[PDB]
Structures are given as structure tokens and as C-alpha cells.
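Q: Please find one structure pasted underneath; my questions will follow.
Encoded structure:
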């Protein structure tokens with residue numbers, strides 16, 4: 045299911061994962077950026093809880109600053125008055141991820157862990173104050189911007205985490221990491237999004253990517269590309285290649301993993317017809333990009349059983365009735381196979 049068009053065993057990220065496996069105390073950071081499959085967190089959470097069992101619970105990772113409508117964090121619950129805005133339907137000075145929250149004056153936000161660890165964790169926030177040297181608090185402690193513009197605030201706190209804002213800030217993803225090291229899986233999904241739609245985010249987004257410290261970047265798109273009947277494959281392929289180059293420039297030591305689009309259906313009639321007219325071309329394009337960019341490629345369609353499988357997963361309670369989105373059990377099933385492949389690769393090094 046997983047093809048390596050690069051050299052995983054000899055790569056710096058692999059060497060770091062192995063060190064983490066031996067309990068070196070580092071944090072190995074997995075960042076899946078994708079569409080609605082990613083934004084639901086069912087696929088990514090399965091991946092989270094499994095890889096964390098295998099190599100260590102490094103903490104919840106990069107999570108939303110607030111509740112996002114139609115999207116889901118499994119590993120944190122939100123309680124506050126911030127308002128999330130997303131690039132799905134809107135414009136904005138978005139940091140990497142397509143997500144920001146206006147806090148307003150007198151703003152307040154608390155994130156409480158669906159489980160917990162209650163000891164002081166490492167905390168970073170993407171954040172942009174209205175005014176240059178402005179402040180906010182985290183569990184009562186004063187945390188300060190330097191200059192203005194988007195930046196990462198580095199601090200430390202225990203969960204539950206309460207952020208107060210006397211005057212307005214915009215806040216992006218927030219990083220929460222166990223200081224004992226281990227694995228984090230971060231889910232940066234936008235409902236309906238395509239990979240080329242990083243262009244909706246701010247110009248310095250690659251600078252943001254560099255600040256996430258991701259050691260493995262998983263790109264999960266293709267579904268919505270496939271639903272554009274007039275997509276230019278040739279042109280799209282370039283922008284995919286160029287996006288891969290940019291990732292490599294900004295995170296020279298990261299591994300890159302491309303998840304080929306799973307089978308989706310235009311309609312659900314008669315032995316898994318009908319596929320979107322352009323699905324196959326997008327799938328084949330993704331593999332080509334993987335190979336040229338020396339990336340890893342996980343075939344989600346093969347993982348399902350190959351062509352004509354969506355109706356079967358549909359019949360099996362693994363897919364939604366729309367033939368495009370999966371059920372919770374469906375995502376957990378698919379993520380487990382990815383996990384399998386990842387552990388198989390590392391075991392093989």
C-alpha cells in the first residue's frame with residue numbers, strides 16, 4: 045500500500061523516529077494537512093492513538109484555537125468566546141492551516157483535554173495582536189508579542205489551558221506537547237479543500253510550516269480535485285510538484301507522505317458506479333508527483349481493495365451514504381492500515 049519513492053531508511057526523519065522509539069525524549073511531529081477526511085479527525089485520531097501506543101504519547105499537538113463549525117478535534121474540547129474563521133468560504137490573513145479565531149476584547153478561551161496529564165506541558169501559539177507589544181495570559185501568566193504581525197508565542201502550562209485576552213488578538217493553531225517527548229499527530233483539515241488552495245493563506249505560510257517543526261508532513265487531498273470535471277491535470281501537477289519543493293525548502297529534514305485519493309462515487313448505483321469522471325487522472329497524478337518529488341505514496345484506493353470498492357465499504361457501514369465520506373469506523377479502519385504500513389517501514393530499517 046505504501047510506496048517509497050525516496051530513501052526512508054537513510055533519511056534524517058527516520059533516524060529521529062528511531063531515536064524516539066528508544067526513548068531519546070524528543071518529539072516526533074506528524075502533521076497531516078488535508079480536506080474533510082482530515083478535518084473530521086476520525087482518520088487522524090486513529091493514527092494518533094495507535095502511533096502513540098507504539099512510540100509514545102507526545103501530547104495532543106497543534107490544535108484549533110476554538111471550535112470550528114463542521115470540523116472536529118477529538119483530543120481537546122473548547123469552551124470560550126473566540127470566533128473561528130476558516131478559508132473554506134472566507135478570505136483572511138490566514139496562517140498555515142486556513143484557520144484563525146478573533147478573540148475580541150475581554151476574550152476568553154479554555155481547552156481541556158478529553159483525557160489528561162495535568163502536568164505542565166510545552167505550549168506554542170500562532171498569534172497576531174492588534175497592537176505591536178500587546179499581551180495576553182495563559183493560566184494567569186503574562187505572555188507577550190514582540191513587534192506585531194503573525195508570530196509564534198512560546199510558553200508553558202498545564203491542561204486545562206485558559207487564555208485571556210484583554211484586547212483583541214487573532215490566534216491560529218496552538219501547540220501542546222508532553223515534555224517527556226514522544227509522538228504527536230496534528231490535523232490541519234479544511235472541509236472541501238484542495239492542495240492548491242494554500243494560496244488562500246498568507247504569503248508567509250511556508251515560514252509558518254517551518255515553525256510547526258513537523259518531521260513528517262502528510263498531504264491528504266484529491267477528493268475535491270477529482271470532483272472538478274474541468275480540472276487541468278497538467279497545470280495542477282506542476283503546482284503539486286512546486287508545493288512539494290516548497291515543503292522541502294521550508295522543512296529540509298521532514299519526510300513527505302502523499303495520500304492518494306480514496307475511491308469516491310458520483311452516484312451509488314450498481315456495483316460501485318459511478319466514479320467521478322476525473323478521479324483516476326487525479327489519482328495517477330498524485331503518484332507521479334510522489335515519484336518525481338521522491339515522496340512516500342500511500343494508496344488509499346488500494347487500501348480499500350482497489351477500484352469498485354466504495355459501494356462495498358458503503359454496504360459494510362464503512363462509508364457514508366454519499367459515497368464520498370466515511371463513517372467513523374471507516375476512517376479508523378483506513379488509518380489502521382496506514383499505521384500498519386508506517387510501522388512496517390520503520391521496522392524494516
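Residue numbers (PDB author numbering): 45 to 393.
No residue lacks a Cβ here, since even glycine has one placed at the ideal position from N, Cα and C.
Spatial neighbours of residue 58 within its chain, please: CB distance less than 8 Å, with the 5 preceding and 5 following residues excluded, ordered by chain position.
A: 52, 299, 390, 393
Q: Quick one, which of 142, 209, 174, 123 has its alpha-carbon nearest residue 157's?
A: Checked all of 142, 209, 174, 123; the closest Cα to residue 157 is 123.
Q: Can you round the beta-carbon distance between residue 227 and residue 264 to whole angstroms, since I take them to be within the 8 Å contact cut?
A: Not a contact, Cβ separation roughly 18 Å.
Q: Buried or exposed: residue 176, going by 16 or more other Cβ atoms within 10 Å of its Cβ?
A: It is exposed - the Cβ of residue 176 has fewer than 16 other Cβ atoms within 10 Å.
Q: Name the DSSP beta bridge partners of residue 221, please?
A: 166
Q: Looking only at DSSP bridge pairs, what is residue 48 linked to?
A: 340
Q: Can you give me the Cβ contacts of residue 137 inside the same chain, cut-off strictly under 7 Å, excluding the 5 residues immediately before and after it?
A: Excluding positions up to five away in sequence, the list reads 246.
Q: From what residue to what residue does the beta strand (DSSP E) around residue 268 run?
A: Looking at the DSSP string, residue 268 is not in any beta strand (DSSP E); the run it does join, the alpha helix (DSSP H), is 267-270.
Q: Between which two residues does the alpha helix (DSSP H) holding residue 291 run?
A: 277-294
Q: Beta carbon of residue 253, beta carbon of residue 323: below 9 Å?
A: no
Q: Answer yes or no: do residue 211 and residue 173 have a C-beta to C-beta separation smaller than 9 Å?
A: yes
Q: Checking 9 Å against the spacing of the C-beta atoms, do residue 73 and residue 297 come in under that value?
A: Not closer than 9 Å, so no.
Q: Do residue 86 and residue 367 have their C-beta atoms within less than 9 Å of each other?
A: no
Q: What's the call for residue 289, buried or exposed, on a 16-neighbour Cβ count within 10 Å?
A: exposed
Q: Quick one: any contact between the region 92-112 and the region 207-226, if contact means 3 or more CB pairs under 8 Å?
A: yes
Q: With C-beta atoms as the reference, is residue 75 less than 9 Å away from residue 260?
A: yes
Q: If you draw a straight line from the C-alpha of residue 240 to the C-alpha of residue 286, how long is it?
A: 10 Å
Q: Can you tell me whether residue 98 is helix, strand or coil according to DSSP?
A: Note: residue 98 maps to helix in three-state DSSP.
Q: Please list, in chain order, all residues of the same chain as residue 311 whose beta carbon is under 8 Å from its beta carbon, the five residues on each side excluded.
A: 317, 318, 367, listed in sequence order.
Q: When you compare the CB positions of residue 349 and residue 356, do they come within less than 9 Å of one another, or not?
A: yes
Q: In three-state DSSP terms, what is residue 117?
A: coil
Q: Output the distance between the C-alpha atoms of residue 9 and residue 379, rounded to the nearest integer angstrom.
A: Past the edges of the chain, shown from 45 to 393, lies residue 9, and the structure says nothing about it.
Q: Using only the alpha-carbon positions, how far apart do residue 250 and residue 167 sit?
A: 21 Å
Q: What does the Cβ neighbour count give for residue 151, buried or exposed, with the cut at 16 atoms within 10 Å?
A: buried
Q: Can you list, in chain order, the residues of its chain whose CB lies under 8 Å from that of residue 236, leaving out five sequence neighbours each side?
A: 79, 80, 132, 268
Q: Assuming residue 340 and residue 47 make a contact with CB atoms under 8 Å, what is their CB distance in whole Å?
A: 7 Å
Q: Quick check: the Cα distance between residue 276 and residue 184, rounded to an integer number of angstroms?
A: 52 Å
Q: Measuring alpha carbon to alpha carbon, tell me which residue in 95, 100, 281 is nearest residue 66.
A: Ranking 95, 100, 281 by Cα distance to residue 66 puts 100 first.
Q: On the criterion of 16 or more Cβ atoms from any shown chain inside 10 Å, does residue 306 qualify as buried, or is it exposed?
A: buried
Q: Helix, strand or coil for residue 111, going by three-state DSSP, please let me know.
A: coil
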